[PDB]
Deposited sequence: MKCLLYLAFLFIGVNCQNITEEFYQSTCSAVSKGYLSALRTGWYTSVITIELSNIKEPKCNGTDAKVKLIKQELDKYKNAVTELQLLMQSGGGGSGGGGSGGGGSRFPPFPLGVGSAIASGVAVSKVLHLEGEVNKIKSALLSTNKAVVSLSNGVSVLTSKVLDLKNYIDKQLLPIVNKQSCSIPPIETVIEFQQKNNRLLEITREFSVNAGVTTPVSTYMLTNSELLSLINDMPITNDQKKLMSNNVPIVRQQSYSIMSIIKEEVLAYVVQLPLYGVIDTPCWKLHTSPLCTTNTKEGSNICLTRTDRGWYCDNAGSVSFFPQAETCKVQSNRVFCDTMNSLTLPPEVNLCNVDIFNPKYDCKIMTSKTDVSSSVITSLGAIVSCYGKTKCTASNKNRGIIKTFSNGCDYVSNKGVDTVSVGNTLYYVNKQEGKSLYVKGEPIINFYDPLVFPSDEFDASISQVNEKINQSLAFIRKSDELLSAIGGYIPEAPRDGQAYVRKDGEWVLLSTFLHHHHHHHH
């Protein structure tokens, strides 16, 4: 690839370029089914150890079915059970599984299970048009019902217990295990699971489902090569168990935006060094996070949690995002530019830290803190002094600030240092607004203008009073 990075000395920030987008823009819902045996508790006067084992396994099957019935009588969510942390203040709140739960609700209607049974009578992969009009893919991943009714029931519902061969015991355990594990995952998660396990959907099943999705060939390639990330961004929703059938909705991500350029903004505090003790003013860019070009705008992801990087491919999730004009990138070229009100925040908090970037490290070293960049073999190679500086991952293994040792990413590429005057040095510290939790260049310049003009006016008055 060409992963590049730029450090701006003027603003104590860095931008990593060269990444390729994979944005989650929508959802694809599918229905997965397991055929279950009707079957009852064994009427079988039996005493052999193999009979005991088969009966124990049939009890595990029966209890799993019971526990899934309990799960179905509260099936999906109440827009779930529960949700993630309230999005940060600017962002919005969504209902992640509203789509899959909408499908799960339809499955609860009477006669729906019968529609699905009669489309999978002959085959394992069929489309069904539900009552509400939506057509869904429907899979049968496991046929217990056949195995128990043909191999097991003939030996347990006589009254006198045909002794099984040990191979039948082992085989029945093998088949029953997936139902058991699906039920465990559902019971401990209130019927909604993420990520989607290999029990909920195997690799072969997921790849077949991906190949049947209404997406492009490039989208199918991207999803197939990145099954782990897809599982990370998927939900399995318990829906129903009736008519000798278990049905759950699997909700796969839909990567509507692909291959658009992304970049990542890292920010560290930029304080004055020239003064001593509590006389220093600090500003810090606040727009850190991921950016991807998206439909003539920029999709901004401020939480480092909603984006997942493999190599140069950035799988972000549009639900946790803002939409901004392209001019936002001017904050990385001309932070005082007129077209965009670049957002900063201020304080007097004069303490040191370091941010590990994609292929480098930003160090904000203030006061008398030990700030150092070192190599496992050759020793210290860069000794920082007061201010905000940067060191590339080339030839550097660790960055040490205070008593904290950071390892840098040996993910390798080319970084460029853009020398420039720190902008904190352009502000008069007497008229500096040093408690802005969120501000902009225009808002801060506005407050400065106001304070200056008041000093102006009151002095004019105090001179005119002789």
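Residues of the deposited sequence lacking C-alpha coordinates fall in the stretches 1-16, 97-101, 488-522, numbered from 1.
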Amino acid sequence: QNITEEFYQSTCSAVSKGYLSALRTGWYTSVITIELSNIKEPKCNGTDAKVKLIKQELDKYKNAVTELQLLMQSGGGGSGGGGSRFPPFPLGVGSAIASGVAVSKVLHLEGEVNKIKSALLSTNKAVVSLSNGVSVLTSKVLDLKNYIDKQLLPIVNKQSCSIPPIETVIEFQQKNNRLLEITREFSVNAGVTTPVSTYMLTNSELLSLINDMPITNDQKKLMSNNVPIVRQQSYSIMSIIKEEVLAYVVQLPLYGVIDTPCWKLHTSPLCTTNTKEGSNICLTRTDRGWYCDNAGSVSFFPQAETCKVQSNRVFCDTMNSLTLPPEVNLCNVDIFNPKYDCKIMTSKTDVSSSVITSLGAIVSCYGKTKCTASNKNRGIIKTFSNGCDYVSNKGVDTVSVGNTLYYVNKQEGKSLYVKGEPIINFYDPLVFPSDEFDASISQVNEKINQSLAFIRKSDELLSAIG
From here on, numbers count along this sequence of modelled residues.
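Just going by the entry, 153-161 versus 217-225 on mean CA temperature factor gives the higher value to 153-161.
A summary of the deposited B-factors shows that, of 182-190 and 71-79, the stretch with the larger mean C-alpha value is 71-79. Reading the B-factor column for the CA atoms of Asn403, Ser415, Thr47, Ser30 in the entry, the top value corresponds to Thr47. Taking the PDB entry at face value, the top CA B factor among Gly296, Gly289, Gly278, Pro253 belongs to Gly278. When the modelled residues of the chain are ordered by C-alpha B-factor, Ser442 sits in the highest third. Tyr340: CA B factor in the middle third of modelled residues in this chain (values from the PDB entry).
Per the PDB record, residue ranking by Cα B-factor puts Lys370 in the lowest third of the chain.
For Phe86, the recorded CA temperature factor ranks within the highest third of the chain's modelled residues.
For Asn409, the recorded CA B-factor ranks within the lowest third of the chain. Only modelled residues enter the ranking.
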